[PDB]
(Lines of atoms letter the chains of each structure in order from A and count residues from 1; the text may use other names and numbers.)
(Lines give C-alpha, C1' and ligand atoms only; values in the text may rest on other atoms or scores of the structure.)
Protein backbone atom coordinates (compact mmCIF):
# COMPACT_ATOMS: atom_id res chain seq x y z
CA UNK A 1 0.00 0.00 0.00
CA UNK A 2 0.59 3.82 -0.26
CA UNK A 3 1.19 4.88 3.37
CA UNK A 4 2.19 7.80 5.55
CA UNK A 5 4.36 7.80 8.65
CA UNK A 6 3.53 10.23 11.51
CA UNK A 7 5.67 10.78 14.56
CA UNK A 8 3.88 11.35 17.89
CA UNK A 9 5.54 11.89 21.30
CA UNK A 10 3.49 10.52 24.12
CA UNK A 11 2.32 13.11 26.76
CA UNK A 12 2.23 12.67 30.54
CA UNK A 13 -1.38 13.84 30.41
CA UNK A 14 -2.23 10.81 28.20
CA UNK A 15 -1.26 8.33 30.98
CA UNK A 16 -3.64 6.63 33.38
CA UNK A 17 -3.13 5.07 36.83
CA UNK A 18 -1.76 1.84 35.24
CA UNK A 19 1.12 3.88 34.09
CA UNK A 20 0.53 3.49 30.38
CA UNK A 21 -1.19 5.54 27.68
CA UNK A 22 -4.90 5.36 28.33
CA UNK A 23 -6.67 3.19 25.72
CA UNK A 24 -9.19 5.93 24.90
CA UNK A 25 -6.52 8.30 23.73
CA UNK A 26 -5.51 6.15 20.77
CA UNK A 27 -8.39 7.51 18.61
CA UNK A 28 -6.78 10.96 18.94
CA UNK A 29 -3.45 9.55 17.69
CA UNK A 30 -5.25 7.88 14.74
CA UNK A 31 -6.83 11.23 13.94
CA UNK A 32 -3.43 13.01 14.00
CA UNK A 33 -2.04 10.29 11.65
CA UNK A 34 -5.05 10.40 9.31
CA UNK A 35 -4.91 14.18 8.98
CA UNK A 36 -1.17 13.84 8.27
CA UNK A 37 -1.90 11.25 5.51
CA UNK A 38 -4.48 13.64 4.00
CA UNK A 39 -1.90 16.52 4.12
CA UNK A 40 0.72 14.42 2.52
CA UNK A 41 -1.62 13.40 -0.34
CA UNK A 42 -2.01 17.18 -0.92
CA UNK A 43 -5.34 17.98 0.72
CA UNK A 44 -6.73 19.95 3.67
CA UNK A 45 -9.44 18.70 5.83
CA UNK A 46 -9.69 22.24 7.34
CA UNK A 47 -10.46 23.32 3.74
CA UNK A 48 -13.26 20.76 3.28
CA UNK A 49 -14.86 22.02 6.59
CA UNK A 50 -14.63 25.57 5.20
CA UNK A 51 -17.06 24.31 2.45
CA UNK A 52 -19.82 22.91 4.83
CA UNK A 53 -18.85 19.20 4.45
CA UNK A 54 -17.67 17.20 7.48
CA UNK A 55 -16.24 13.77 7.79
CA UNK A 56 -17.39 11.79 10.85
CA UNK A 57 -15.97 8.49 12.03
CA UNK A 58 -18.56 5.74 11.72
CA UNK A 59 -16.43 2.86 13.09
CA UNK A 60 -13.35 2.72 15.36
CA UNK A 61 -11.32 -0.42 16.03
CA UNK A 62 -8.16 -0.61 18.17
CA UNK A 63 -6.15 -3.76 18.95
CA UNK A 64 -3.61 -3.19 21.71
CA UNK A 65 -0.62 -5.61 21.31
CA UNK A 66 1.79 -3.85 23.72
CA UNK A 67 1.42 -0.96 26.13
CA UNK A 68 2.92 2.40 25.30
CA UNK A 69 4.62 4.57 27.98
CA UNK A 70 5.42 8.15 28.56
CA UNK A 71 7.65 9.68 27.06
CA UNK A 72 7.86 7.38 24.02
CA UNK A 73 8.29 8.63 20.58
CA UNK A 74 6.09 6.46 18.34
CA UNK A 75 5.46 6.20 14.66
CA UNK A 76 2.06 5.68 13.12
CA UNK A 77 1.78 4.04 9.70
CA UNK A 78 -1.51 4.99 7.96
CA UNK A 79 -3.08 3.76 4.75
CA UNK A 80 -6.49 3.55 3.07
CA UNK A 81 -7.55 -0.05 3.00
CA UNK A 82 -10.86 0.62 1.18
CA UNK A 83 -12.03 3.64 -0.75
CA UNK A 84 -15.36 4.21 -2.39
CA UNK A 85 -17.20 7.38 -3.13
CA UNK A 86 -19.42 6.78 -0.06
CA UNK A 87 -16.89 5.65 2.62
CA UNK A 88 -13.21 5.21 3.35
CA UNK A 89 -11.57 2.66 5.72
CA UNK A 90 -8.14 3.79 7.09
CA UNK A 91 -5.87 1.24 8.73
CA UNK A 92 -3.10 1.98 11.20
CA UNK A 93 -0.03 0.47 12.83
CA UNK A 94 1.75 2.01 15.76
CA UNK A 95 5.40 1.21 16.37
CA UNK A 96 6.91 1.87 19.80
CA UNK A 97 10.19 3.65 20.34
CA UNK A 98 12.06 0.26 20.02
CA UNK A 99 10.43 -0.24 16.57
CA UNK A 100 8.10 -3.01 17.68
CA UNK A 101 4.41 -3.27 16.62
CA UNK A 102 2.40 -2.02 19.60
CA UNK A 103 -1.08 -1.38 18.12
CA UNK A 104 -3.21 -1.95 15.06
CA UNK A 105 -6.61 -0.47 14.20
CA UNK A 106 -8.98 1.08 11.72
CA UNK A 107 -11.42 3.93 11.24
CA UNK A 108 -14.31 4.14 8.71
CA UNK A 109 -15.23 7.63 7.67
CA UNK A 110 -18.03 9.06 5.52
CA UNK A 111 -18.72 12.62 4.34
CA UNK A 112 -21.96 14.44 5.21
CA UNK A 113 -23.39 17.92 4.81
CA UNK A 114 -22.87 19.86 7.99
CA UNK A 115 -26.37 21.49 7.94
CA UNK A 116 -28.33 18.36 7.03
CA UNK A 117 -26.06 15.62 8.51
CA UNK A 118 -27.08 13.80 5.20
CA UNK A 119 -24.33 11.58 3.56
CA UNK A 120 -22.79 12.54 0.22
CA UNK A 121 -20.76 11.11 -2.65
CA UNK A 122 -17.29 12.53 -2.50
CA UNK A 123 -16.96 12.56 -6.43
CA UNK A 124 -19.87 15.07 -6.62
CA UNK A 125 -18.49 17.63 -4.10
CA UNK A 126 -14.72 17.06 -4.14
CA UNK A 127 -13.73 15.53 -7.40
CA UNK A 128 -10.05 16.33 -6.82
CA UNK A 129 -10.12 14.27 -3.54
CA UNK A 130 -12.02 11.50 -5.37
CA UNK A 131 -9.51 11.36 -8.15
CA UNK A 132 -6.58 11.12 -5.78
CA UNK A 133 -8.22 8.49 -3.56
CA UNK A 134 -9.28 6.45 -6.62
CA UNK A 135 -5.70 6.61 -7.93
CA UNK A 136 -4.34 5.43 -4.63
CA UNK A 137 -6.86 2.61 -4.45
CA UNK A 138 -5.68 1.40 -7.86
CA UNK A 139 -2.06 1.57 -6.80
CA UNK A 140 -2.79 -0.32 -3.57
CA UNK A 141 -4.60 -3.03 -5.58
CA UNK A 142 -1.54 -3.46 -7.82
CA UNK A 143 0.64 -3.87 -4.77
CA UNK A 144 2.58 -0.67 -4.91
CA UNK A 145 4.57 0.18 -1.67
CA UNK A 146 5.37 3.76 -1.27
CA UNK A 147 5.64 6.29 1.56
CA UNK A 148 3.89 9.55 0.74
CA UNK A 149 5.71 12.73 1.94
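Positions refer to the first chain, counted from 1.
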Highest mean C-alpha temperature factor of the two stretches 64 to 72 and 115 to 123, which is it? 115 to 123
Report the stretch with the higher mean CA temperature factor, choosing between 139 to 147 and 3 to 11 on the basis of the entry. 139 to 147
Given 50, 34, 91, 82, the residue at which the Cα B factor reaches its maximum: 50
So if I compare the CA B-factors in the entry for 107, 44, 104, 96, which one is the largest? 44
Ranked by Cα temperature factor within the chain, is residue 57 in the lowest third, the middle third or the highest third? middle
